[PDB]
Number of protein chains: 2
Amino acid sequence: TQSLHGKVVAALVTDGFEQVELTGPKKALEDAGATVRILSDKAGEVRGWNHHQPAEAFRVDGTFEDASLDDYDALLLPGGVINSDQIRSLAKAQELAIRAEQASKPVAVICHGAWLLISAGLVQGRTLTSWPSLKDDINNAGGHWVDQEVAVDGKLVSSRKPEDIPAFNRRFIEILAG
Amino acid sequence: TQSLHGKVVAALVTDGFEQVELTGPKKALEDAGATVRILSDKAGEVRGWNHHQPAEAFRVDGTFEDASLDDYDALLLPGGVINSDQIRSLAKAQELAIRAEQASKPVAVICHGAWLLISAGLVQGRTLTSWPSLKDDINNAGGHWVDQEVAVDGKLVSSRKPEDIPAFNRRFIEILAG
């Protein structure tokens with residue numbers, strides 16, 4: 001079984017993130033030996049959601065403003081339409097995603113989460129999947145939208161919905177290990 | 001002031017629409033003498049939301065499947081991130097908006113509601129505003145995004161947020177009268 005001991009992943013979330021899109025990948029990554037930190041726009045706690053109902057609050061380990069991608073081997077971008085619509089316009093979240101591309105570090109994204117990638121200018125020429133509502137936005141941004149349980153372009157790992165999470169986790173672990 | 005007597009407006013909404021972006025314009029049009037029909041994807045009731053909480057239920061006058069634009073002088077597209085994300089993929093909602101473009105009928109859209117126009121191919125070469133989170137999607141789809149309280153491009157009337165509603169209402173009434 002692949003070990004990710006020593007690996008640190010940053011999950012980028014604002015209030016309204018799909019809770020399982022963080023906790024599923026977080027548990028799979030922790031089971032393999034990695035550390036996962038939660039970064040948000042504000043300090044304190046960030047609220048996850050189960051579909052259209054608010055769910056549990058999670059302790060924020062750090063802010064986008066304060067984060068350095070030197071400290072992380074990869075980014076996790078959970079969906080949640082509310083979180084995804086909010087986070088995509090945040091300059092420091094965009095900067096983290098841009099720095100990950102420049103540094104050839106994995107970015108795992110799921111559901112509505114690729115809006116951050118569109119707005120950071122990062123989907124042009126890349127193949128990814130997403131929740132189908134984002135298909136037009138990704139294609140209009142220059143992306144190559146495909147319908148796959150888990151898409152991979154280099155170290156860009158993408159999935160469309162919560163049911164994809166098990167395969168998403170397995171592929172993200174393979175890509176993080178290299 | 002301006003009478004809209006004899007005019008009929010279809011508001012296209014799904015569950016999770018921003019309630020005031022329906023009720024505010026609806027009252028203004030009705031005060032002006034117009035009739036406002038609430039159309040949804042499903043019969044019965046459609047759930048309005050107040051920001052991030054579901055709110056009151058509204059009677060559905062007709063479904064997108066059954067609707068003809070022959071019976072409406074204009075479309076009203078309230079926002080709400082949940083509604084706007086859902087409604088954009090429904091071909092029958094896209095059809096109603098395309099028929100509006102083809103028949104030179106006003107379309108008033110606010111906040112997140114322009115996602116449907118993007119997916120219907122209707123923002124190409126158009127000038128419009130929106131909630132800023134859609135800026136990149138509107139520009140990537142060939143639109144010209146502007147930051148105005150109420151933007152107008154022909155009969156396309158667009159606003160950004162609930163505080164724009166009074167001006168949105170006043171402009172819509174003007175465009176509807178012609």
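Read-outs: derived from the displayed coordinates by stated rules, not from any lab. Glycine gets a Cβ as well: all are built from the backbone with ideal geometry, and neighbour counts include every protein chain shown.
Please state, to two decimals, what the Cα-based radius of gyration of the protein assembly as shown comes to when divided by 2.2 N^0.38 Å (N = residues). Each step should come with its number before you reach the end.
Numbers: Rg = 21.3 Å, N = 356, 2.2 N^0.38 = 20.5 Å.
Working it through for the protein assembly as shown, the quotient is 1.04.
Compute the signed sum of charges (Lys and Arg +1, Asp and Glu -1) over the other residues within less than 14 Å, Cβ to Cβ, of residue A:136. Before the final figure, lay out each step's value.
Values: positive: A:135, B:88; negative: A:137, A:147, B:85, B:136, B:137.
Once all neighbours under 14 Å are counted, the net charge is -3.
Please report the antiparallel percentage of DSSP beta bridges with both residues in the protein assembly as shown, rounded to the nearest 5.
Values: 17 of 59 bridges.
Here the antiparallel bridges make up roughly 30 percent for the protein assembly as shown.
List the equivalent ellipsoid semi-axes of the range A:62-124 in whole Å, largest first, each obtained as the square root of 5λ for an eigenvalue λ of the Cα gyration tensor.
Numbers: eigenvalues 58, 33, 24 Å².
They are 17, 13, 11 Å, listed largest first.
What Kirkwood radius, in Å to one decimal, follows from the Cα pairs of the range B:34-140? Present the calculation step by step, with values, prior to reporting the outcome.
Numbers: mean 1/r = 0.0699 Å⁻¹.
Answer for the range B:34-140: a Kirkwood hydrodynamic radius of 14.3 Å.
Tell me the net charge near residue B:165. Cut-off is 11 Å between Cβ atoms, residue B:165 excluded, with +1 for each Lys or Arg and -1 for each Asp or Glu. Kindly include the intermediate steps, with their values, before the conclusion.
Numbers: positive: B:26, B:27, B:160, B:161, B:170, B:171; negative: B:18, B:21, B:149, B:163, B:164.
Overall, the nearby charge balance is +1.
Write down the Kirkwood hydrodynamic radius of the range A:1-73, to one decimal in angstroms, obtained as one divided by the mean of 1/r over all alpha carbon pairs.
Details: mean 1/r = 0.0787 Å⁻¹.
Evaluated over the range A:1-73, this radius sits at 12.7 Å.
Calculate the length of the line joining the C-alpha centroid of the range A:4-55 to that of the range B:1-54, in whole Å.
The two parts, judged by their Cα centres, are 37 Å apart.
When B:122, A:22 are ordered from fewest to most other Cβ atoms inside 10 Å of their Cβ, what list results?
Lowest count first: B:122, A:22.
Quick one: if you stick a label point 7 Å off each Cα along the C-beta vector at residue B:30 and residue A:149, how many nm between them?
Placing both labels 7 Å along Cα→Cβ, they lie 5.0 nm apart.
Would you work out the relative contact order for the range A:17-91, in percent, from Cα pairs under 8 angstrom that are 6 or more residues apart? Each step should come with its number before you reach the end.
Numbers: 86 pairs, mean separation 27.5, N = 75.
RCO, the range A:17-91: 37 percent.
Between residue A:177 and residue A:103, take the C-beta separation as r, use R0 = 25 Å, and let me know the FRET efficiency to the nearest 0.05. Let's see the in-between values first.
Numbers: r = 17 Å, r/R0 = 0.67.
Computed FRET efficiency for residue A:177 and residue A:103: 0.90.
In whole percent, what relative contact order does the range A:8-177 give with Cα contacts below 8 Å and a gap of six or more residues?
20 percent
Counting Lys and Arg as +1 and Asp and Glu as -1, what is the net charge of the other residues whose Cβ lies under 14 Å from the Cβ of residue B:13? Before the final figure, lay out each step's value.
Numbers: positive: B:26, B:37, B:42, B:47, B:59, B:88, B:92; negative: B:15, B:18, B:21, B:41, B:45, B:56, B:61, B:85.
In short, -1.
Could you tell me what % of all Cα pairs in the range B:90-178 have separations over 23 Å?
Details: 552 of 3916 pairs.
Tail of the P(r) past 23 Å holds 14 percent of the pairs.
Kindly work out what percent of the DSSP beta bridges joining two residues of chain B are antiparallel, to the nearest 5. Don't skip to the end; give the middle numbers.
Values: 9 of 30 bridges.
Percentage antiparallel, nearest 5: 30.
Need the C-alpha centroid separation for the range A:141-178 versus the range B:109-133, integer Å.
29 Å
So for the pair residue A:43, residue B:50, with labels modelled 7 Å out along Cα→Cβ, what separation do we get in nm?
Distance between label points: 3.3 nm.
Under the definition of partner shielding as Cβ atoms of other protein chains within 10 Å of a residue Cβ, what is the mean value for peptide B:132-139? Each step should come with its number before you reach the end.
Numbers: counts 1, 8, 5, 3, 10, 10, 2, 2.
For this peptide, the per-residue mean of nearby foreign Cβ atoms is 5.
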